[PDB]
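Below is one structure, written out as structure tokens, with a few remarks after it.
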Amino acid sequence: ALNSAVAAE
Amino acid sequence: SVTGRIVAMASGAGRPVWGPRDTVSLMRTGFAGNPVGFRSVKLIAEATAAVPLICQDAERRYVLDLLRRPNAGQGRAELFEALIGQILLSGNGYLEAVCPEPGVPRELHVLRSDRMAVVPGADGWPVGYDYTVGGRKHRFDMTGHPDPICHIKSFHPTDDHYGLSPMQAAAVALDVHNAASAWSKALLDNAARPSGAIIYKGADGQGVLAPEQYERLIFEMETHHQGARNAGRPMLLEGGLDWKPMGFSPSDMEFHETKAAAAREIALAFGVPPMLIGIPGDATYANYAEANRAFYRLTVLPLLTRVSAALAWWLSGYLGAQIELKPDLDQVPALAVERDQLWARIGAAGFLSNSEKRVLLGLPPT
Amino acid sequence: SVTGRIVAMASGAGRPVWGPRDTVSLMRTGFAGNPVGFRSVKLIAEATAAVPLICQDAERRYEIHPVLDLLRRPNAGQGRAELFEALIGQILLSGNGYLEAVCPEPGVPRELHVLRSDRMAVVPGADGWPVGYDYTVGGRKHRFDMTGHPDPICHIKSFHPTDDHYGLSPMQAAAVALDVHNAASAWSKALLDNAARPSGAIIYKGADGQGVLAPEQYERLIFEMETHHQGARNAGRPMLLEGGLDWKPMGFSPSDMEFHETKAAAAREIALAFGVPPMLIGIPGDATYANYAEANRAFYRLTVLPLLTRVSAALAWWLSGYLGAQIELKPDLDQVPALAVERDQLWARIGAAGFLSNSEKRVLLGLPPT
Amino acid sequence: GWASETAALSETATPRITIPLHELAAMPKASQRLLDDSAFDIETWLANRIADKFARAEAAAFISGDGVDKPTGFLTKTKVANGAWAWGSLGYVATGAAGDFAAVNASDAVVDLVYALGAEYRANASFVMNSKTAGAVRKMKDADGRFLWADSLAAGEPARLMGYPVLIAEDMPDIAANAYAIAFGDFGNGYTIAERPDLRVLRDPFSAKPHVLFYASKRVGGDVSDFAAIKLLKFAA
Amino acid sequence: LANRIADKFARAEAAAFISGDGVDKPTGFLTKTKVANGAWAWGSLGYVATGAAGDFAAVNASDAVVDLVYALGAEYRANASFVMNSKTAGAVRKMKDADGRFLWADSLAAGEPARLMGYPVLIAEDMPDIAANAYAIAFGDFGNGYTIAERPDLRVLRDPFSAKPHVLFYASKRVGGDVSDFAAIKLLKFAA
């Protein structure tokens with residue numbers, strides 16, 4: 001859980 | 001008043017006179033910067049908030065519900081600790097009152113003075129006050145009777161609109177006390193004393209020692225010659241080596257008596273005696289019962305009788321009857337050495353009758 | 001008055017005499033400059049405002065008197081305590097005290113304004129009496145006129161043996177001692193702010209007589225000095241000094257006491273001019289007085305009650321010109337709290353002297369007889 | 001800057017004018033014999049005419065004074081056409097015709113002069129003109145012959161132009177070839193005056209013995225503090 | 001510094017609310033594929049034309065404003081307001097009838113009468129100037145037309161590390177928004 005909406009991860 | 005038309009047009013009609021530029025650079029360096037300027041204000045502001053008040057001019061000592069509960073936030077004592085904390089810091093105490101009711105206003109707010117400036121106007125007394133925070137003004141009005149701001153001034157001999165604030169008078173001794181405590185703070189943090197030096201001149205006039213020799217020299221210096229467990233190892237110095245022990249000749253007392261004299265000329269300006277806050281020095285007062293009595297007579301009761309007299313006039317513009325409001329100078333615990341020798345003086349004066357000595361002490365005769 | 005014509009024409013009749021040339025500068029550097037000159041005035045100005053007054057005309061019954069109604073609140077926004085501390089705060093500062101009076105009704109004027117003595121100047125007039133006072137703010141005159149009976153300004157003077165029109169103001173007498181105390185405090189403020197003591201010096205001569213060290217050597221020298229040899233946590237590292245290097249430890253040979261005994265002696269001469277005892281304001285030194293029952297009794301008898309009895313004596317004569325009957329205002333010398341040890345030995349002498357009767361010792365102590 | 005999600009945004013741009021406080025001196029000479037026989041207070045009438053001259057000599061330096069040893073007024077501040085306004089200069093708007101207001105439609109060079117300041121400096125701004133310019137503004141008439149300002153021929157000087165005060169400072173240039181005869185801006189922030197708060201006058205019979213030689217001086221200074229808060233009105237293009 | 005940050009944020013998001021793109025910034029109402037009114041669809045903002053190609057109509061100005069008003073519908077005109085920059089309200093105030101008397105703000109001494117055609121006026125200095133095809137005046141009910149989604153918190157961070165010679169203040173408000181009701185914002189193209 002490093003990124004917000006941009007990853008989808 | 002007749003001279004009002006001549007001092008206001010020279011000072012500038014209808015404009016805000018700002019006054020002191022360093023009214024806030026002395027607060028953060030003389031109240032949050034050193035403990036003597038911190039304690040001396042907090043000693044007085046907590047003391048003038050502790051003396052009770054009585055309502056005279058009513059023909060019998062009874063707005064006392066207003067002062068004991070001004071607003072939702074600060075309490076009675078919290079109000080005066082903030083009010084006197086502005087007069088001792090900037091020489092100017094301000095008091096906003098909101099009055100939805102026509103008389104006896106609901107809340108009292110201590111408007112802080114460093115964001116507050118006067119405007120003189122055409123004549124006499126100031127026409128308005130500007131509470132300028134950020135870039136935004138407020139422009140209160142004094143062109144009426146109730147006058148929503150009481151402006152308590154200390155004595156200022158050259159200015160016509162502000163106070164002098166004893167922190168401004170002791171502004172050098174605050175800087176001597178801040179820097180001399182910053183002298184010793186810095187000197188403990190950037191100063192190299194060595195316990196000695198091992199000098200390796202060599203066969204030449206100069207010579208470094210090889211890293212096989214330097215790791216050997218650290219190991220016999222670390223293991224055998226340093227610490228509390230190694231005080232006195234007789235240190236065989238070979239050919240060429242030498243141990244020159246260094247000293248540290250000024251060790252104690254770097255600006256020690258100039259700081260203590262600066263710490264007392266801060267206490268000299270605010271009016272506290274040096275026994276109360278804890279300044280070391282000579283014994284001027286003896287046994288604290290005369291040092292506390294000198295405090296509540298030279299710099300507390302003269303200060304609170306000028307604030308309570310300005311509360312007495314400004315609040316009496318809201319209710320019709322003029323009110324007097326002065327400190328009680330009785331049931332205060334510091335004037336008990338003043339009080340018991342009064343009760344011993346006329347108490348042993350057995351010539352005058354019993355109804356004649358109750359009136360001397362402030363007792364209702366029966 | 002017969003000598004008035006030759007003393008008035010000497011300085012120049014009808015033109016203002018400006019007085020002292022530096023009383024407007026001694027307020028900035030002798031009252032807002034040092035704490036001792038600040039406190040010595042505020043101790044006296046807030047003590048003379050504390051003492052009550054007695055209004056007497058042959059029966060002393062006037063506790064409801066209009067003058068005592070006037071002085072209780074002089075003008076809007078300046079009480080009785082704020083009036084006299086501003087009035088005595090002009091007498092001790094420039095030797096001159098002034099009071100404007102505005103009067104719509106021709107008796108007992110409504111307001112008293114302490115006109116400041118920086119911007120006031122006299123007009124010596126015809127018969128040795130000052131005809132006018134000029135209140136000069138900016139470049140604008142006012143010229144009050146005293147060629148009448150009420151004479152709208154009382155002019156409280158201290159004693160001045162040379163000048164005919166002003167006073168001496170004890171700040172002006174200690175102006176050399178204010179300049180020693182202002183400068184010896186700025187000596188220490190400067191010395192803490194621009195002075196260089198090093199804790200040592202690391203001499204690098206080199207193979208020559210003179211040699212700087214390389215920039216790879218200079219970062220190495222700082223890093224073993226910053227990390228291993230400075231701070232409180234590194235007090236005593238044995239500091240291997242190889243060839244060329246040397247650590248010469250510096251000192252700071254006057255550490256304490258830069259003009260310390262000439263500042264406290266200059267602080268006391270400030271307290272000597274205004275007249276406070278040094279135990280009252282808090283100057284360290286020898287205990288001349290003993291135990292604050294003496295020094296506070298010596299304070300209200302040598303420099304407060306002699307000052308207040310002549311300010312109220314000018315108020316007794318200037319106000320009485322507004323109301324027919326003459327008025328006498330003088331301090332109380334009763335229920336002033338520092339004269340209690342004076343009042344004890346008065347009541348203990350006459351209380352124990354039981355040879356005379358009770359109605360004869362009430363009048364010695366000042367009591368209503370029964 | 002509009003921080004992206006995964007940009008690792010870098011550091012952005014972090015954001016002194018001196019007022020030399022010059023000196024204004026008056027030293028009027030007066031014979032000592034005169035100061036004794038005249039019935040008028042020549043001591044005071046000289047102190048009245050200096051304070052009048054001082055409030056009027058520094059009033060002119062506040063507008064068209066150069067920097068040298070006197071306060072530099074705002075009219076000497078390298079004026080640049082608006083729209084090309086930089087920080088070191090005061091922005092002006094042009095009237096059209098080369099001598100006076102636009103011949104075809106005047107009173108329009110004023111409404112865009114107003115709207116050339118910004119709604120923050122217009123909170124408290126005021127026009128500054130000399131006497132004979134407010135007259136040329138009042139002489140402005142529409143096609144019918146009525147006055148745009150102070151409509152009726154009675155009741156002149158409405159004390160407001162476009163909703164803002166008007167200061168008739170008679171020390172500004174008049175309407176001329178390229179004069180900035182009308183200045184509009186917020187001077188409470190735009191022009192800072194630094195001054196000493198006293199008018200010192202001191203006599204001395206000592207300098208010239210048969211005379212008195214009153215000496216009178218004050219220290220005043222000031223230049224612009226906010227170039228964005230003062231707009232001018234050039235009468236050229 | 002907390003004052004000049006809060007000022008720049010209130011002034012940097014003010015421009016995105018009008019002429020911002022969608023990329024990492026709020027999409028202002030001006031970037032919304034304008035289509036001529038009367039042919040107004042849901043995905044676009046309707047505009048009315050002024051006549052002349054540069055500025056207001058030469059023959060009769062002040063009519064491109066009154067028909068801009070009557071292009072909303074009596075429900076969005078309940079509370080609507082014009083949005084212009086400074087030098088446009090000046091060009092609206094420079095509007096004079098045939099005699100020379102300024103239809104808006106009657107006397108010279110008038111000022112901003114604060115109610116063009118009976119509706120408030122917002123002098124937003126981020127709208128375009130009067131130009132070839134600029135929509136320099138927008139009129140509509142933004143209470144329904146433009147939705148701002150934000151968090152009440154500036155969330156400034158004070159950073160004493162990683163820049164030890166400095167202090168490196170950091171501050172990041174979260175805000176966003178585009179049009180929510182295309183029928184409640186009408187524009188004014190200065191084209192023919």
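Labels for the structure tokens follow display order: chains A, B, ..., residues from 1 in each chain, ligands from 1.
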Using only C-alpha atoms and a cut-off of 12 Å, which residues of chain E sit close to chain B? Please list them as a CSV table (one decimal) with N, CA, C and O atoms, in the first residue's frame.
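Output file result_39.csv is given in full below:
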chain,number,residue,atom,x,y,z
E,1,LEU,N,5.2,33.6,7.1
E,1,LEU,CA,5.2,32.7,5.9
E,1,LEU,C,3.9,32.0,5.8
E,1,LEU,O,3.4,31.7,4.7
E,2,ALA,N,3.3,31.7,7.0
E,2,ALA,CA,1.9,31.1,7.0
E,2,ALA,C,0.9,32.0,6.4
E,2,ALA,O,-0.1,31.6,5.9
E,3,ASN,N,1.2,33.3,6.4
E,3,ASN,CA,0.3,34.3,5.7
E,3,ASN,C,0.5,34.3,4.2
E,3,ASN,O,-0.5,34.4,3.5
E,4,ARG,N,1.7,34.2,3.7
E,4,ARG,CA,1.9,34.3,2.2
E,4,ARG,C,1.6,32.9,1.6
E,4,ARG,O,1.5,32.9,0.4
E,6,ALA,N,-1.1,30.8,2.8
E,6,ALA,CA,-2.5,30.9,2.7
E,6,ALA,C,-3.0,31.9,1.7
E,6,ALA,O,-4.1,31.7,1.1
E,7,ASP,N,-2.3,32.9,1.4
E,7,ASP,CA,-2.7,33.9,0.4
E,7,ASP,C,-2.4,33.3,-1.0
E,7,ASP,O,-3.3,33.5,-1.9
Do you know which residues are at most 12 Å from residue 324 of chain C counting only C-alpha atoms, after dropping those on the same chain fewer than 6 positions away, and could you put them as a compact mmCIF listing (two decimals) with N, CA and C atoms, in the first residue's frame?
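Output saved as around19.txt:
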# COMPACT_ATOMS: atom_id res chain seq x y z
N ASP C 57 -10.91 74.06 56.41
CA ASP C 57 -11.03 75.49 56.61
C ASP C 57 -11.65 75.72 57.98
N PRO C 106 -17.88 79.70 36.33
CA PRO C 106 -16.69 80.45 36.78
C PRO C 106 -16.08 79.99 38.10
N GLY C 107 -16.75 79.14 38.87
CA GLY C 107 -16.11 78.57 40.04
C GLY C 107 -15.83 77.09 39.87
N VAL C 108 -14.87 76.56 40.64
CA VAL C 108 -14.45 75.15 40.77
C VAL C 108 -14.36 74.43 39.42
N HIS C 149 -7.50 87.02 37.79
CA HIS C 149 -7.59 86.43 39.12
C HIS C 149 -7.50 84.90 39.17
N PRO C 150 -8.16 84.10 38.30
CA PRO C 150 -8.01 82.64 38.47
C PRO C 150 -6.66 82.09 38.06
N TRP C 317 -3.68 76.72 47.08
CA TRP C 317 -3.74 78.15 46.79
C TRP C 317 -4.28 78.44 45.40
N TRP C 318 -4.05 77.56 44.44
CA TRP C 318 -4.54 77.78 43.10
C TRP C 318 -6.03 77.46 42.99
Would you return as a ChimeraX atom specification the members of segment 14-240 of chain C that DSSP assigns to strand (DSSP E) on this structure's backbone? /C:53-56,96-102,111-113,120-123,132-135,144-145,154-157,201-204
Using C-alpha atoms, can you write the selected residues to a file as a short mmCIF file (atom, residue, chain, number, x, y, z; two decimals), in the first residue's frame?
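The result, written out as selection-v1.cif:
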data_model
loop_
_atom_site.label_atom_id
_atom_site.label_comp_id
_atom_site.auth_asym_id
_atom_site.auth_seq_id
_atom_site.Cartn_x
_atom_site.Cartn_y
_atom_site.Cartn_z
CA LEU C 53 -5.47 64.47 51.61
CA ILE C 54 -7.18 66.67 54.20
CA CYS C 55 -9.43 69.55 53.16
CA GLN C 56 -9.67 72.00 56.06
CA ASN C 96 8.15 71.73 36.71
CA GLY C 97 4.56 70.69 37.32
CA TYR C 98 1.60 72.14 35.45
CA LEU C 99 -2.18 71.95 35.64
CA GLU C 100 -4.60 73.19 33.02
CA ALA C 101 -8.09 73.93 34.29
CA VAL C 102 -11.13 74.28 32.07
CA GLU C 111 -11.15 69.23 34.66
CA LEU C 112 -7.47 69.21 35.59
CA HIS C 113 -4.98 68.33 32.86
CA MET C 120 5.84 74.39 28.06
CA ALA C 121 7.77 77.66 28.29
CA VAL C 122 7.31 80.75 30.43
CA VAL C 123 6.84 84.41 29.50
CA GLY C 132 2.04 83.67 29.70
CA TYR C 133 2.87 80.02 29.28
CA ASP C 134 3.37 78.73 25.73
CA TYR C 135 2.42 75.11 25.04
CA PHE C 144 -2.37 80.87 28.30
CA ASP C 145 -2.92 84.25 29.97
CA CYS C 154 -0.50 76.34 38.85
CA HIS C 155 3.24 76.01 38.35
CA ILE C 156 4.78 73.67 40.91
CA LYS C 157 8.51 74.38 41.12
CA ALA C 201 43.91 27.49 18.66
CA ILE C 202 45.45 24.76 16.57
CA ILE C 203 48.71 26.10 15.17
CA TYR C 204 49.86 24.65 11.84
#
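The protein and nucleic acid residues lying at most 12 Å from residue 38 of chain B are residues 26, 27, 28, 29, 30, 31, 32, 33, 34, 35, 41, 42, 43, 44, 45, 85, 88, 89, 167, 174, 178, 263, 266, 267, 270 and 277 of chain B, with only C-alpha atoms considered and sequence neighbours fewer than 3 positions away removed.
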Within 9 Å of chain D: each chain E residue with its shortest pair, only C-alpha atoms, as a Markdown table:
| residue | atom | partner | partner_atom | distance |
| --- | --- | --- | --- | --- |
| E:4 | CA | D:15 | CA | 8.8 |
| E:12 | CA | D:1 | CA | 8.8 |
| E:23 | CA | D:2 | CA | 9.0 |
| E:24 | CA | D:2 | CA | 6.2 |
| E:25 | CA | D:2 | CA | 6.4 |
| E:86 | CA | D:115 | CA | 5.9 |
| E:87 | CA | D:115 | CA | 5.7 |
| E:88 | CA | D:115 | CA | 8.5 |
| E:89 | CA | D:115 | CA | 7.8 |
| E:90 | CA | D:115 | CA | 5.6 |
| E:91 | CA | D:112 | CA | 7.6 |
| E:93 | CA | D:111 | CA | 7.4 |
| E:94 | CA | D:108 | CA | 6.2 |
| E:98 | CA | D:143 | CA | 8.3 |
| E:99 | CA | D:143 | CA | 5.2 |
| E:100 | CA | D:142 | CA | 5.1 |
| E:101 | CA | D:142 | CA | 6.9 |
| E:105 | CA | D:162 | CA | 8.5 |
| E:106 | CA | D:148 | CA | 9.0 |
| E:107 | CA | D:148 | CA | 6.4 |
| E:108 | CA | D:162 | CA | 5.2 |
| E:109 | CA | D:161 | CA | 4.1 |
| E:110 | CA | D:162 | CA | 5.1 |
| E:111 | CA | D:163 | CA | 4.1 |
| E:112 | CA | D:163 | CA | 7.5 |
| E:123 | CA | D:119 | CA | 7.8 |
| E:125 | CA | D:118 | CA | 8.4 |
| E:168 | CA | D:11 | CA | 8.5 |
| E:172 | CA | D:3 | CA | 8.4 |
Output C-alpha atoms of each residue in that selection to a file, as a PDB file, in the first residue's frame.
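The new file out-v9.pdb reads:
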ATOM      1  CA  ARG E   4       1.894  34.264   2.238  1.00  0.00           C
ATOM      2  CA  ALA E  12      -3.773  29.733  -7.075  1.00  0.00           C
ATOM      3  CA  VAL E  23      -4.777  17.532 -15.297  1.00  0.00           C
ATOM      4  CA  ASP E  24      -3.926  17.374 -11.577  1.00  0.00           C
ATOM      5  CA  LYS E  25      -5.930  20.568 -11.016  1.00  0.00           C
ATOM      6  CA  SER E  86     -11.162  44.117 -13.283  1.00  0.00           C
ATOM      7  CA  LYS E  87     -10.472  45.590 -16.707  1.00  0.00           C
ATOM      8  CA  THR E  88     -13.764  44.218 -18.035  1.00  0.00           C
ATOM      9  CA  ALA E  89     -16.060  45.749 -15.443  1.00  0.00           C
ATOM     10  CA  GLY E  90     -14.258  48.886 -16.516  1.00  0.00           C
ATOM     11  CA  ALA E  91     -15.161  48.214 -20.126  1.00  0.00           C
ATOM     12  CA  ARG E  93     -18.699  50.809 -17.062  1.00  0.00           C
ATOM     13  CA  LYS E  94     -17.247  52.650 -20.052  1.00  0.00           C
ATOM     14  CA  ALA E  98     -25.786  58.230 -27.216  1.00  0.00           C
ATOM     15  CA  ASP E  99     -25.571  61.351 -25.059  1.00  0.00           C
ATOM     16  CA  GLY E 100     -22.542  60.363 -23.006  1.00  0.00           C
ATOM     17  CA  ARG E 101     -23.750  59.343 -19.548  1.00  0.00           C
ATOM     18  CA  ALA E 105     -23.026  53.962 -12.472  1.00  0.00           C
ATOM     19  CA  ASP E 106     -24.965  57.126 -13.427  1.00  0.00           C
ATOM     20  CA  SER E 107     -22.824  59.991 -11.983  1.00  0.00           C
ATOM     21  CA  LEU E 108     -18.986  60.061 -12.106  1.00  0.00           C
ATOM     22  CA  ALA E 109     -18.980  60.053  -8.255  1.00  0.00           C
ATOM     23  CA  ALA E 110     -20.917  56.760  -8.344  1.00  0.00           C
ATOM     24  CA  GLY E 111     -18.482  53.878  -8.031  1.00  0.00           C
ATOM     25  CA  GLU E 112     -19.257  50.205  -8.497  1.00  0.00           C
ATOM     26  CA  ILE E 123     -14.611  40.724 -10.009  1.00  0.00           C
ATOM     27  CA  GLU E 125      -9.158  38.605 -11.832  1.00  0.00           C
ATOM     28  CA  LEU E 168      11.757  24.392   4.595  1.00  0.00           C
ATOM     29  CA  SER E 172      -0.557  21.258   0.744  1.00  0.00           C
TER      30      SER E 172
END
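In this structure, atom CA of residue 89 of chain C sits 9.9 Å away from atom CA of residue 114 of chain C.
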Counting only C-alpha atoms, which residues of chain A fall within 10 Å of chain D, and what is the closest atom pair for each with its distance in Å at one decimal, ordered by chain and rising number, as a tab-separated table?
residue	atom	partner	partner_atom	distance
A:2	CA	D:6	CA	9.8
A:3	CA	D:6	CA	7.7
A:4	CA	D:5	CA	7.5
A:5	CA	D:5	CA	8.7
A:6	CA	D:5	CA	7.3
A:7	CA	D:6	CA	9.8
Residue list for chain B near chain D as a list in words, 12 Å, only C-alpha atoms: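 Contact residues on the first chain: residues 7, 10, 11, 12, 15, 16, 17, 19, 135, 136, 158 and 159 of chain B.
Any residue of chain C with an atom within 7 Å of chain D counts; using only C-alpha atoms, that gives residues 15, 138 and 139 of chain C.
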What does the structure give for the distance between atom CA of residue 121 of chain B and atom CA of residue 13 of chain B, in Å to one decimal? 4.2 Å
